[PDB]
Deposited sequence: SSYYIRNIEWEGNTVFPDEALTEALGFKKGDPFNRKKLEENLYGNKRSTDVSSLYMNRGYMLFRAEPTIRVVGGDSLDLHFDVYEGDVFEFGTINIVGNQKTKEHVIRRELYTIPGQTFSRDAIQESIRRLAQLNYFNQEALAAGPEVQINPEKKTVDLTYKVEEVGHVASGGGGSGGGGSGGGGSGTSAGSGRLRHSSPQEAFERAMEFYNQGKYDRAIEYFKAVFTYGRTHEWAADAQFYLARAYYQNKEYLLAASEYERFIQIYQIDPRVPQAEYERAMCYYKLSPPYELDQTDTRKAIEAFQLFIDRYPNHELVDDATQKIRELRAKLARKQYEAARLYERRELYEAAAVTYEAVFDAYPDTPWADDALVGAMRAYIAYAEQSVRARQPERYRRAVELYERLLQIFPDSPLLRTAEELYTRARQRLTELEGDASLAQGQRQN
């Protein structure tokens, strides 16, 4: 049995020695207890431990190294060397895996808010809220979120992944009967006969046609993932057939048709963009490159809108720091999209609003970011329709900044 004598902290600046000792819960001279030491140093159930004191205030990389000293007989000295590190803010907060649940239902429940000081138990409490909805697998919820630490930028990005609970006698004949069904809109029947072509092998004169139109038939039947697989089969098997580029375009169209509304997970939207870009990269001289380029711009615009709507959501909540960083993220990630200039102005607007309710010491850097954004607007979108609205905001920021 040992008893606490002294407790000393080396490296602390944010908290006085007394605050950290009170968090440890050891009084001169209670009995020494390793489990209690571990809990109140690294993480207890009440988020009052030393580590939570720092990590709930942005110091994500805080680490305390303990050394135990027997200073004669029963006496026990505790010495902790403390690394505080930088203060971090939450950066991007993304939501994935929601194929049936709207994004805003998940985002509304999060305590982790973009632009706010990082907090460990904000993450932990967000996890528990999502678990309490009973929409998602709890064991998978207990694993995430996916974290990205940006030391240079002093930001921590988060992605919460959710898992929701809940006839013929020859190949030519078969091909011709399929095309008859295909041209009548009987795609299910055409599919059957296109597959029948290959009961005679897959290297005869009608194999490539049958494979190519089997995919189109699946597509017209709105079986896009099966169509995509048959397009891929065509591309890899009939590699020098002149329709290989067309097949790659039509494979991308399958994912274009699978691309869901912005409120939902955007995996297939990203797969559609990659498939179109791959078609363009391999066949830049093809006729359909311009249409593929327009399809990519439609899909990027949806990605941008998804994030732009998250910013609007924070703005309605008067969380202007979250709105500002989310708006600016839209510009940084999708400057080529229609939402780019709207987002710049929304970010200006939110940064200005956040500066008004902020401590005077931190207002300069917020107003200045608005100014820098306006100077970017003029360069990237010289004839933007939002210039006048932006200039008015630029005025206020520059007037208040000098003061």
{"query": "Deposited residues absent from the coordinates (by C-alpha)", "finding": "1, 168-195, 433-446"}
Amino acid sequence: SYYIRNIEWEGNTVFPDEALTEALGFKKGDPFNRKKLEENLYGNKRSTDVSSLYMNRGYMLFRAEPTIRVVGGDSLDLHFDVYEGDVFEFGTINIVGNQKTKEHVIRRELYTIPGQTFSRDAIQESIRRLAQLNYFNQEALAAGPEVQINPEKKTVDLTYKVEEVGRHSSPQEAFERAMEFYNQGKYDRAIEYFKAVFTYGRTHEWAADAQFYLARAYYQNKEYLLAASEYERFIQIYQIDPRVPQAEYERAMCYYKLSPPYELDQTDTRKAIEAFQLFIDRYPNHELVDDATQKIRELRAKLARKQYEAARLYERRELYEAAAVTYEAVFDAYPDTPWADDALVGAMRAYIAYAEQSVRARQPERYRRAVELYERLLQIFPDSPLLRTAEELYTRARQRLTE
From here on, numbers count along this sequence of modelled residues.
query: Residue range whose averaged C-alpha B-factor is higher in the record, 167-175 or 105-113; finding: 167-175
query: Between the two ranges 22-30 and 48-56, the one averaging a larger CA B factor in the entry; finding: 22-30
query: Options 347, 41, 359, 340 - largest CA temperature factor per the record; finding: 359
query: Third of the chain's Cα B-factor distribution that residue 87 belongs to, per the entry; finding: middle
query: Entry-reported Cα temperature factor of residue 233, expressed as the chain third it lands in; finding: lowest
query: Among modelled residues of the same chain, the CA temperature factor third for residue 81; finding: highest
query: For residue 286, the third of its chain into which the C-alpha B factor falls; finding: lowest
query: Assigned third (lowest, middle, highest) for the C-alpha B factor of residue 151; finding: highest
